[PDB]
């Protein structure tokens, strides 16, 4: 076990042990199956987590809804103060926590640290928002009536997250849901159970130091069984789900079946489009980093690169010369730009996708092979010569394969951006003012993130994050995404002694 090797002793700074309890609700436990998580950079086991049994889930839900009775009564600004302290406790652990993200998930250290910083940043944002959430006081049309839009917590927010952002997506949901007066129940990705435990330990200490019931931020580590329970559980007032479209579809249906609320953040099949007037010294690095970043395992990863015919072959050749320089190595080591895939299965998926892409006329112009070293390393791959509607370019595989397409006119390539089932992120690179505003308008991108001269991964906590179509429609983080965590009521207070009716109806 890596945690039992002196090189990884720093894992104990996060309170991690050989075997860890994967259930927290004020108390720590775990009566379900023990899971070992592996370091994808060497395929070695790191440590073990005792996951939630059904009995653990039940006890946790009950204790979190008991906790909600206390927490919902705490003024939102004082809830913000708790979230501020969570930000600070995360700030104090950012290097080791980020290193664990690199160790258990596989992304490079700057992105592991960056993910914790994002949670830090959303906490600091939530502090201010906790003094702002609410609705309008509106002028009633009736004398002696007040008309008020109130917002109240939904109660228990269940949060299912994925392996590729094992800290930040939970942090987005947690910070906003907390200041909105909800309790949280977290089921993280099984293959990032240690990250889930570490984060939960950080939060639990803040809650306990403030003499708040720990179940405000409950954890039930588990897989599809616990997640299915959450989706089915009328006690989970909002289920925020981040993951695959196939799973998210079933989750959305189960929540809809019980008239629950769901917040779905699912796949992206994101395109970058480089027009003829584009700054190629901006296009080439923007595409490389958006395609190879996180080894192509981001929901926002650039999977499709449309290049205008006039510059297609130049951009491809400059991409090859730049791909050749990507520094591959251990994700925690300095100046490493490219790490492993998360699992051995994703390497098998990479190989399958590469063989099928060639079987559809594509030319692997760079990469396409597994790397001959320990861990789940594959070459960042560029495939040209496919048609935009090719089956392989509409399949959903978290693989570092960049499909490059030619295009000729603005209307057709906008349609090509919009033609896929998902709708997360999109980018155009152009200088044409009219084109930019058309891209942003009703006949433009159909995505939740619509970028210009910045790649598909450019997104900051200030705006709402999420997509349309098969991406599932949810939003996280900024703008008024907080309303998804609360219940709107339209309230009328008659403080007079008559009964005027709306629309002047005389009854």
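Positions refer to the first chain, counted from 1.
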Residue stretch of maximal mean CA temperature factor, 343 to 351 vs 204 to 212: 343 to 351
Higher-scoring stretch by recorded Cα B factor average, 271 to 279 or 150 to 158: 271 to 279
Candidate residues 54, 481, 459, 64, the one whose C-alpha B factor the record puts highest: 459
Highest recorded Cα temperature factor - choice among 229, 328, 89, 169: 328
Third of chain Cα B-factors occupied by residue 165: middle
Residue 30 - which third its CA temperature factor falls in, relative to the rest of the chain: middle
Chain-relative CA temperature factor third for residue 432: highest
Entry-reported Cα temperature factor of residue 473, expressed as the chain third it lands in: lowest
Residue 16 by Cα B-factor - lowest, middle or highest third of the modelled chain: middle
